[PDB]
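Only one structure is covered here, and it is reproduced in the block below.
Every number here is computed from the coordinates shown, using simple stated rules; none is lab data. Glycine also receives a Cβ, built like all others from the backbone with ideal geometry; neighbour counts cover every protein chain displayed.
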């Protein structure tokens, strides 16, 4: 990783997740905190963010909601107690902003802890000696 990209990681979460090595390092970092379900959820959210037809969001929303947001889901995603209800409420009116609120929490979740850890992580320090 060039010194130019690591500095960007300190300027915005998107740079860290938008870099080929940041993704690999970020995905590996999630494994350290076992938060890899978040990137899988992010990938599902991206597909959700690309579908602009509210008639197609319902089908996948229930599958994603039932899989990642079901309280009995084996790999529940770490989110606040109110965000999960919001996705369930989107069932009545599925919109493109239904998973945006959850995606925002994933960004804030890793940005609040992963970023601070990334700057102090051994991989980052190795890249930033």
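At a glance:
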| quantity | calculated |
| --- | --- |
| Choice from 106, 51, 69 with maximal GNM fluctuation in the chain (Cα, 10 Å cutoff) | 51 |
| Nearest-ten-degree value, helix 36-50 long axis tilted from longest Cα axis of the chain | 60 degrees |
| Nearest-0.05 FRET efficiency for residue 23 and residue 83, computed from C-beta distance (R0 30 Å) | 0.80 |
| Angle in degrees between helix 20-33 and the longest Cα principal axis of the chain, rounded to the nearest 10 | 70 degrees |
| Computed [θ] at 222 nm, deg cm²/dmol, the chain (DSSP H ≥ 4; -39,500 (n - 2.57); rounded to nearest 500) | -20500 deg cm²/dmol |
| Rg over Rh, two decimals, the chain (C-alpha only, Kirkwood Rh) | 1.02 |
| Residue 72/residue 111 FRET efficiency (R0 30 Å; Cβ-Cβ; nearest 0.05) | 0.55 |
| Degrees separating the helix 54-64 axis from the principal Cα axis of the chain, which is the longest one | 70 degrees |
| Over segment 34-113, relative contact order from alpha-carbon pairs under 8 Å, at least 6 apart, % | 38 percent |
